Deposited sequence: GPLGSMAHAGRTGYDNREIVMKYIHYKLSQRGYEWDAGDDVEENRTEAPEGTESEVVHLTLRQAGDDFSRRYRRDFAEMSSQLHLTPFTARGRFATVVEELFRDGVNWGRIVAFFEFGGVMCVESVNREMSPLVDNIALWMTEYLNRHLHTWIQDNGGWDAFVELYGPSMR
C-alpha cells in the first residue's frame, strides 16, 4: 500500500464531507486498498466519537497560523507517540491531521492543507512504517478493526 495515497484519500474524504473540494485530492480520487481506506475512515469516526469533547477543545486550542502550523503539528505528533506506536495512536494521528486540515479551511488558511498532507506522509514514512510492517501491515489493521467478527 502507498502511504501517500492513504493520507491523500483520508484528507480528501474528510474535507469533501464538509463541502471543501481539495483539488490535489480530486486528482487522487481519479487514479484491496479500498478496504484499507474504508476501515481507516470507520476507525477514525469511532475515535472521534469516543473523544468528541476533547476534539472540540483541541479545535479551540490549535491556534492555527501560517507560520506556526508546522510547529503545532510537530508538538502534537511528538507527544502522541511519546510512549510508542500502536494502531489506536495511528488512527489518532490521522484524525488529528484531518482536524488540522478542516480548521485550515475554516480559518481561511486553505494552502496549509497541502503542507499538512506532506507532513503526515513524511511522518508516516519516517516513524510509523517500520512498526506498521512489523505488525502485519495495513491488512492486519483491517483484520482487527474492519467488518470481520471480533
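- Stretches of the deposited sequence absent from the structure, as judged by C-alpha coordinates, are 1-13, 45-52.
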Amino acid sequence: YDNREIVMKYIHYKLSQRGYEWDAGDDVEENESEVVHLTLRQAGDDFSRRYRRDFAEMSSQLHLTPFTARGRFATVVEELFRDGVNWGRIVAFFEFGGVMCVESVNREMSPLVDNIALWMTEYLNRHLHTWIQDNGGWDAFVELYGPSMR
From here on, numbers count along this sequence of modelled residues.
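- The mean C-alpha temperature factor is higher for 53-61 when 90-98 and 53-61 are set side by side.
- Looking at mean Cα B-factors across 33-41 and 112-120, the upper value is held by 33-41.
- Remark: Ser104 belongs to the middle third of its chain, ranked by C-alpha B-factor as recorded.
- Among all modelled residues in its chain, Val85 ranks in the middle third by Cα B-factor.
- Looking at the C-alpha B-factors along this chain, the one for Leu15 belongs to the highest third.
- In the deposited entry, the Cα temperature factor of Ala24 places it in the highest third of its chain's modelled residues.
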